Amino acid sequence: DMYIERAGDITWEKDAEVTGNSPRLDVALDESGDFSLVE
Amino acid sequence: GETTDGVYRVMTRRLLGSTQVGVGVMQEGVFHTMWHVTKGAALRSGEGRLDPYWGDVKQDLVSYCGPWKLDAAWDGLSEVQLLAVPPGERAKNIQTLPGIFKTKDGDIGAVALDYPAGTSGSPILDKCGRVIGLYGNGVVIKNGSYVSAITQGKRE
Ligand SMILES: CS(=O)(=O)NC1CCNCC1
């Protein structure tokens, strides 16, 4: 029995921690909603 | 139950203690999350019940109480923020420049950030605070790191 609990407002934060790269990937999406890499 | 707009944790008491299985967005009286978080089951909000209204396994999305309301899109140029809601931890904003998933049916933004599985459904926002998609359906690339699509629904 799943239940929900509020965790916050949806707002942009000025000076939030900035990280992560920006990869450009060739991908395939199957009928089950799974992504896979095309190589 | 609570109908205030915002980000919410999706919890279960079926397993040991209270476990966070994912996250979602309340907007315009509709609850939005990824299909793999709830598997399309009904949800509780206090004494109230939220019933599924629309869902799609291939898109990996589901809406409750009404049709999908989120229609903002990544501009393809700017940094966005993941509003990560990890299990047992405070909501936190992480800013990043998305990469791209190139598919036979078009390109989709992707964020290269790695959080626990119970973080799926956390919203990705633009600089105006609009939800441009949900985090948590993606792939494991060559170096072993996780990259999530920016998954957005269609507002009919
Ligand atoms: C599916 S998720 O984004 O909620 N977390 C997984 C990400 C990949 N490493 C294992 C956790």
Side-chain angles (χ1 to χ4, degrees), chain A residues 1-13 16 32-33, chain B residues 1-73 80-94 111 113-126 128-138 146 148-156:
Chain A
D1 203 57
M2 290 180 174
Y3 63 98
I4 65 175
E5 289 184 337
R6 203 165 181 271
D9 286 6
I10 296 171
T11 298
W12 178 270
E13 181 194 357
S32 298
Chain B
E2 188 166 24
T3 64
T4 312
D5 280 7
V7 64
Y8 287 67
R9 303 178 190 273
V10 179
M11 309 294 301
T12 180
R13 291 193 187 105
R14 260 202 331 98
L15 281 5
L16 194 64
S18 303
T19 305
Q20 181 176 316
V21 297
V23 180
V25 176
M26 189 78 78
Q27 183 174 132
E28 296 162 56
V30 172
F31 191 63
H32 305 75
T33 187
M34 306 207 80
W35 194 90
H36 78 262
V37 168
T38 66
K39 314 300 184 201
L43 304 172
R44 188 160 40 79
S45 178
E47 264 192 352
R49 186 180 168 126
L50 295 204
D51 295 324
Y53 180 104
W54 168 79
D56 190 291
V57 159
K58 182 174 171 174
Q59 293 182 50
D60 194 28
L61 293 176
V62 62
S63 69
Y64 288 80
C65 317
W68 186 268
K69 301 291 188 166
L70 316 177
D71 59 351
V80 305
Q81 282 185 3
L82 168 66
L83 180 50
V85 185
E89 298 174 358
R90 203 145 47 230
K92 168 191 54 254
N93 298 63
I94 310 292
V111 295
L113 297 173
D114 194 349
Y115 280 89
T119 313
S120 289
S122 290
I124 296 157
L125 332 178
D126 62 23
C128 301
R130 285 172 290 162
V131 174
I132 55 173
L134 307 185
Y135 168 84
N137 194 24
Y146 183 70
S148 175
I150 298 184
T151 298
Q152 183 57 294
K154 170 155 209 261
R155 185 187 178 114
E156 311 276 91

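Just so we're on the same page: letters track the sequence lines, and every chain starts at 1. We use all heavy atoms of the structure for the numbers below, so side chains are in, but hydrogens, waters and symmetry mates are not.
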CA sep, side-chain torsions, deciding dist, call: B:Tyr135, B:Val111, side chain to side chain contact (heavy atoms under 4.5 Å, CB included): CA-CA 8 Å; B:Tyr135 168 84; B:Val111 295; 3.8 Å; yes
Stepwise side chain to side chain contact (heavy atoms under 4.5 Å, CB included) check, A:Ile10 with B:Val131: CA-CA 8 Å; A:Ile10 296 171; B:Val131 174; 3.9 Å; yes
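The two residues B:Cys65 and B:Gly29 make their nearest non-hydrogen contact at CB-O, 3.5 Å. B:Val37 and B:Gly22 make their closest contact through CG1-CA, 3.7 Å (heavy atoms, listed as atom of the first residue, atom of the second, distance). Of all heavy-atom pairs spanning B:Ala42 and B:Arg49, the tightest one is CB-NH2, 3.6 Å. Of all heavy-atom pairs spanning B:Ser148 and B:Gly136, the tightest one is OG-N, 2.9 Å. The two residues B:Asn93 and A:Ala16 come nearest to each other via the heavy atoms O-CB, 3.6 Å. Contact detail for B:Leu70 and B:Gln27: the closest heavy-atom pair is CD2-NE2, 3.3 Å.
Heavy-atom contacts from other residues, nucleotides or ligands closer than 6.0 Å to OH of B:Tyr146 number more than 12.
For the atom pair CZ (B:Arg44) and CD (A:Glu5), the distance works out to 9.5 Å, reported to the nearest 0.5 Å. Between the CG atom in B:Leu83 and the CG atom in B:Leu134 there is a gap of 11.0 Å [rounded to 0.5 Å]. Considering CD1 of B:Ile94 and CD of B:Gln81, their distance stands at 8.5 Å, rounded to 0.5 Å. Rounding to the nearest 0.5 angstrom, the gap separating the CG atom in B:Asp5 from the CZ atom in A:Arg6 is 8.0 Å. To the nearest 0.5 Å, the span separating NZ on B:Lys39 from CE on B:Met34 amounts to 11.0 Å.
A distance-only check finds no donor-acceptor pair linking the side chain of B:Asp56 to the backbone of A:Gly33 [under 3.5 Å]. Judged by distance alone, the side chain of B:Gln20 and the main-chain N or O of B:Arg9 form no donor-acceptor pair under 3.5 Å. In this structure a side-chain-to-backbone donor-acceptor pair under 3.5 Å is present from B:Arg155 to B:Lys69. B:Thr12 contributes no side-chain N or O that, together with a main-chain N or O of A:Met2, makes up a donor-acceptor pair within less than 3.5 Å.
Using a 4.5 Å cut-off on side-chain heavy atoms (C-beta onward), B:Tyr115 and B:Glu89 make no contact. Between B:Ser63 and B:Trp54 the shortest side-chain heavy-atom distance falls below 4.5 Å. B:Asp60 places none of its side-chain heavy atoms less than 4.5 Å from the side chain of B:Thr151. The side-chain heavy atoms of B:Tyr8 and B:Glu2, taken from C-beta on, include a pair separated by under 4.5 Å. Inter-residue side-chain proximity for B:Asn137 and B:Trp35 is flagged as unmet; no heavy-atom pair is nearer than 4.5 Å. By the 4.5 Å heavy-atom criterion applied to side chains, B:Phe31 and A:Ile4 are counted as neighbours.
Under the side-chain hydrogen bond (donor to acceptor under 3.5 Å, both in side chains) criterion, B:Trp68 pairs with B:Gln152, sequence neighbours left out.
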Anything under 3.5 Å between a donor and an acceptor, one on a side chain of residues 117-126 of chain B, the other on a protein residue two or more places apart or in another chain? List them.
{"unit_1": "B:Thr119", "atom_1": "OG1", "unit_2": "B:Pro116", "atom_2": "O", "d": "2.9"}
{"unit_1": "B:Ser120", "atom_1": "OG", "unit_2": "B:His36", "atom_2": "NE2", "d": "3.2"}
{"unit_1": "B:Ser120", "atom_1": "OG", "unit_2": "B:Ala117", "atom_2": "O", "d": "3.1"}
{"unit_1": "B:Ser122", "atom_1": "OG", "unit_2": "B:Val85", "atom_2": "N", "d": "3.3"}
{"unit_1": "B:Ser122", "atom_1": "OG", "unit_2": "B:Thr119", "atom_2": "O", "d": "2.8"}
{"unit_1": "B:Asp126", "atom_1": "OD1", "unit_2": "B:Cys128", "atom_2": "N", "d": "3.0"}
{"unit_1": "B:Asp126", "atom_1": "OD1", "unit_2": "B:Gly129", "atom_2": "N", "d": "3.3"}
{"unit_1": "B:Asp126", "atom_1": "OD1", "unit_2": "B:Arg130", "atom_2": "N", "d": "3.0"}
{"unit_1": "B:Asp126", "atom_1": "OD2", "unit_2": "B:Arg130", "atom_2": "NE", "d": "3.4"}
{"unit_1": "B:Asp126", "atom_1": "OD2", "unit_2": "B:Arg130", "atom_2": "NH2", "d": "3.3"}

